[PDB]
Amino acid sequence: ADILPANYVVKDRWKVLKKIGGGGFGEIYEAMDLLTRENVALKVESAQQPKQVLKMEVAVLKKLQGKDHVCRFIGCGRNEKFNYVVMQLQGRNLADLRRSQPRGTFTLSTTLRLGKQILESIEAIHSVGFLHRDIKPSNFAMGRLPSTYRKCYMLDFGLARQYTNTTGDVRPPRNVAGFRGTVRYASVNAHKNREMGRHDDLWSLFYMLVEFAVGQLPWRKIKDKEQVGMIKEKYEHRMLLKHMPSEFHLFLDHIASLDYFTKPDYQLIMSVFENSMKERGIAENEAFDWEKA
């Protein structure tokens, strides 16, 4: 029931090696580029699929070309059986890398430097008029080249939504919007089925970095969406920072001040990470936790 069988060739050029990801809305393959001779990521959507989402993912990926933390766009197309996009192949995701660490915790020096890169990628997608709406560790992957192995890449625009109109204006929010993303790193706004904003992507970043540094979130054992929302709604969030750098209280306070309409202060949040590093003498050139160094 896979859309492409192994050794299937797309457009006489990309040869399927194996499936590397799957879900309701399509599949991702590692393929060999019979022209450039590197391997690539080949993401496919069944032609017959009711909700056609790939066309928007490709539009977002093309808008982001030239930005750091973005896969290179190789090709796309359309035929009677499937839509596809070919993109740069990336490596290990941050969820797998976090689980591989002894206590499921990154050093502050890894956490803060990933934070800078993820924040850059969030501002980037926001700058072309889209919300990601499923910011989570498994959607960020480290590079797999000498030129990219300390670079973090933003994946999966499958749940993204344009928050501007044709003419650059902020769109009206729907009075109710069904939150369809991952429970653990969802904002209290998303839990309430409110229209998501730029601030909700930065809430997801906040929860990710607490989990990175501390090794857990208070609700991690609870999978039910409506229970997790009720736990978050009451949780004293300044408790989450007990063992985090104090400069995180600026980040929390800022994103708590934001609504759907307000452009976030990305530079305020960047300065939290940069001041946290400077305080501790963390350098940018440091080993990540998962490297031999």
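Numbers follow the displayed sequence, beginning with 1. For clarity, a rigid core is taken as the largest C-alpha set superposing within 1.5 Å between two forms.
For 161-169 versus 138-146, the mean Cα distance to the shown form in 6 other deposited structures of this protein after rigid core alignment is larger for 161-169. Relative to its counterpart among 28-36 and 45-53, 45-53 has the higher mean temperature factor, C-alpha atoms as listed in the PDB entry. The PDB entry records a higher mean C-alpha B factor for 69-77 than for its counterpart among 69-77 and 193-201. Across the options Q88, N139, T111, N165, the residue with the most elevated CA B-factor in the record is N165. Among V228, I255, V60, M244, the highest C-alpha B-factor in the deposited entry belongs to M244. Sort the modelled residues of the chain by CA B factor and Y260 lands in the lowest third. Sorting the modelled residues of the chain by their CA temperature factor places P102 in the highest third. Ranked by C-alpha B-factor against the other modelled residues of its chain, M239 falls in the highest third. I222: CA B factor lies in the highest third for its chain, per the PDB record.
Sort the modelled residues of the chain by CA B factor and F82 lands in the highest third.
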